[PDB]
Structures are given as C-alpha cells and as structure tokens.
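In structure tokens, one chain follows: the form deposited in one PDB entry.
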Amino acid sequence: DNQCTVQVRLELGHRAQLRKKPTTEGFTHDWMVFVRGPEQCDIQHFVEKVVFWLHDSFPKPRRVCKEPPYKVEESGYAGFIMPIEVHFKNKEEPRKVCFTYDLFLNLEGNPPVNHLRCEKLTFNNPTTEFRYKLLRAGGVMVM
C-alpha cells in the first residue's frame, strides 16, 4: 500500500589491448575499467564513490573515484579478479554494492577486449530522500 521499489542500472566494463611494444617495465597491456550509467542517466545522483581494488602488486591498489568518470586506466602484465565497490548516497542499508569484476586481457594474437556487464539494482522502500536521488539519476518505480 506504501510499498515502493526503484530500479536503476549500472554498467561495469573494461577495455584491454596488447601494446605494439611492451613498456620498459614489461607491461604488455593497456587496460581501462569503469562504472557508468546508461546514456542520459546520471548515477552521480546516488553514487557517493566507486572503489576499484587492483591486484596487491599495483601502487595504491585501492583506487577511488568520488566523481565521474568512475574508471581506472592502467598498464599491466596479466588479468585478475577486481572487487569493485559502489557506495551510495544512502543514509540506511544498503550503503554499497560489491561486484567481483573479471578483468581479463587478450592473449597475444587476439583482438582487443571491449566488455560490458549490465547490473540492475532493485532498491525496496528507499527513504524519501534516497528515492529522490535514484529517480534524479534515471531510476524507475515498479510494483
């Protein structure tokens, strides 16, 4: 009767390509990982920050974006599993969502990687305040 659900969408993704020539440090690959909304949505209305947890070998592996673009650009030698936390401008639970992101590179001879992973978040009965932030960002009421 006073029940209420807001869906929003997140796109996580990454690009990777073999450098024509490795770096001095033997980095064979360029890559880029990101969190964005669909086109014409503004996830910054409900997203406080995004944290990208790189392999422990990276300098400052806890990479934070407090505003768009939410992305890391790097070079490296191998793929890994990257925890990505999306923190919300939410007073209550849930405050964040954690994704296990497969950052995989192209094996030499294979063309560049260009992957997208679409995530639908369903917020049940958000506070009036946080409901407003979700709708500002291009979220939708359901149910």
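Rigid core: the largest C-alpha set superposing within 1.5 Å between the two forms. Numbers follow the displayed sequence, beginning with 1. Shifts are known only where both forms have a C-alpha.
Averaged over Cα atoms, the B-factor as recorded in the entry is higher for 22-30 than for the other of 82-90 and 22-30. In this crystal structure, the stretch out of 44-52 and 103-111 whose C-alpha atoms carry the higher mean B factor is 103-111. Per the PDB record, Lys60 has a higher Cα B-factor than any other of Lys96, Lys60, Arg36, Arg117. When the modelled residues of the chain are ordered by C-alpha B-factor, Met143 sits in the highest third.
Split the chain's modelled residues into thirds by C-alpha temperature factor. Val6 is in the middle one.
FYI, the form deposited in another entry isn't displayed, but the following is about it.
For the residues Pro112, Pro83, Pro38, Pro68, superposed on the rigid core between the shown form and the other one, a C-alpha shift of 2 angstroms or more shows up only at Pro112. Relative to this form, the distance between the C-alpha atoms of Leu107 and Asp102 is reduced by at least 3 angstroms in the other entry.
Relative to the shown form, the Cα atoms of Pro112 and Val72 move apart by 3 Å or more in the other entry.
For residues common to both forms, superposing the rigid core between the shown form and the other one reveals a single consecutive run of 3 or more with all Cα shifts of 2 angstroms or more, at 106-113.
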